[PDB]
Amino acid sequence: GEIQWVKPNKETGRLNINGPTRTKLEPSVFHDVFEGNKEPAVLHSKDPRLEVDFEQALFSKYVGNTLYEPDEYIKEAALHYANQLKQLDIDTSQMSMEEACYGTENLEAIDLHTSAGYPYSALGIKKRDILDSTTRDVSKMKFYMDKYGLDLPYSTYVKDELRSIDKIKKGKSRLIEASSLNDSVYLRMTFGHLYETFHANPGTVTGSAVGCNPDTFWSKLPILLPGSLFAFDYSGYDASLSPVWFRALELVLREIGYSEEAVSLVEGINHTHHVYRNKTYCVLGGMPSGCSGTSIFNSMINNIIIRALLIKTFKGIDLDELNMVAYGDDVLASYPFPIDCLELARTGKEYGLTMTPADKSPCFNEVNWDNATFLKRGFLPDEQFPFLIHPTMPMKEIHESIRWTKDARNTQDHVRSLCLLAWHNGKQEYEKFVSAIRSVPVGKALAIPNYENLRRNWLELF
RNA sequence: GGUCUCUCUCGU
RNA sequence: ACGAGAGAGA
Ligand SMILES: [Mg+2]
Ligand SMILES: [Zn+2]
């Protein structure tokens, strides 16, 4: 992706969008109990911790565009993927506004605890002023779909969250593009059923992990991904995508039966406008972070990308022997013969993608189940039942979370959640965690899950 | 102060 | 089941 122009809001007539500049994060009662080196992300240009210009840092992610149209490797990649999806028989028909707005069995309702985006957010209009759980009223929606129409600009906010110290120094906070509720509704109406299908079928047919539950999914992945594992990280995946990958997406949609009216919406997320503070700017390429379908479209593109890269980098690739699961930019994949990602990465650079060794390795090494990660979790076979696989969230990470809170009122829930993640690392690590938590007065006041009970409940899931 | 998923807690 | 809240992941 790449910024095409920047204009002041006076010149575009777009309402200023301002977001909070102070973090909700505060050190917790456990801050000094556990070691960690993340802090709240820079939210403001005059952050003492800065070492670079904030705004230049923020937008440096739009590295530019290389390809704009599909070459023949990408076309072939598209069609191989699209043919694979066909067996799922996605209903290409349009979802009703009621279901799009209020949800189904395989699609959660539009989040009403969350901004309504442009222009409501600057008009003081929240989602709850237009939508109602109990009424399932769509009447007000319709009136506004007409009043403000579609393709409204995304509202740019900085993400309040913990970042590594190096990232706080270098101003590399992350950005979210709040979608207008109008575009969310319409995108959900156009692709709601695809959403449903993908949520219901995490695995190697969708080539997507959206909808998975790591507690149980982790045991299938070595059966779903037979043979030689490969994986790698992307730097700035979303923003790095060139318009060709959106053309590529269009070809997949067409091939599985979407109308041209439907397919035409892809260009409306390849080419987007955004309001950050007092300015309007244009982005060509780049997945808009907070559009409806972000995770699914990113996963789908990632499936195209991996196929294209394989058949361009190597001779004799049989795409049918590829297995992969993506979650956005995150990937785990397998092939009957080991795939050298150094080479894939070289090819990826010609496509505008920056690919790095899995897990901040210094160089491209072998990926095996013993060191693979996915959704930040490792893979650790249970000692008693080796076919049952623990997702292992590293205690290091968990230590980062517990050292802060956005509201110490919810400490109990927060700690319990961490424990639910922690225990997979085993008894000795888990009790080490627990007794460190007990080492502090609030800690002794918390209900902490018993290990054996966690384990026993885990086994019973199978 | 986005899009989503998963899980937990608390209600009725 | 419906509501509310949280945590984590992408
Ligand atoms: Mg990964
Ligand atoms: Zn534009």
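Labels below follow one simple rule: chain letters A, B, ... track the order of the sequence lines, proteins then strands, and each chain is numbered from 1. Side chains included, hydrogens not; waters and symmetry mates left out as well; all remaining heavy atoms used.
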Counting the benzene-type ring for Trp, do A:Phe433 and A:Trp423 have ring centres under 6.0 Å apart? no

Rounded to whole angstroms, how far apart are NE2 on A:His414 and P on B:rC8? 17 Å

If you take any heavy atom closer than 4.0 Å to RNA chain B, which residues from residues 432-452 of chain A end up in contact? none

Examine A:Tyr258 together with A:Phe191 and report whether their ring centres are nearer than 6.0 Å. yes

Pick the nucleotide of RNA chain B nearest each of A:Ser295 and A:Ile176; which residue has the one closer to the 5' end? A:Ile176

Checking A:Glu250 against A:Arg247 for the salt bridge (charged side-chain N to carboxylate O under 4.0 Å, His left out) test, could you report, in this order, the C-alpha distance in whole Å, the side-chain angles of both residues, the deciding distance, and whether it holds? CA-CA 5 Å; A:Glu250 290 171 335; A:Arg247 301 290 83 80; 2.7 Å; yes

Comparing A:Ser133 and A:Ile402 on RNA chain C - which has the more 5′ nearest nucleotide: A:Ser133

Any donor-acceptor pair under 3.5 Å joining the side chain of A:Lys159 to the base of B:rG1? no

Are A:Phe246 and A:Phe297 an aromatic pair by the rule of ring centers under 6.0 Å? no

For A:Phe217 and C:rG9, give me the distance from atom CZ to atom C1', rounded to whole Å. 14 Å

Can you figure out which of B:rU7, B:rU3, C:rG5 approaches the side chain of A:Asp413 most closely? C:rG5

A:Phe462 and A:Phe385: aromatic ring centres closer than 6.0 Å? no

Hey, does the side chain of A:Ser417 come within less than 4.0 Å of B:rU7's phosphate (OP1/OP2), counting only N and O? no

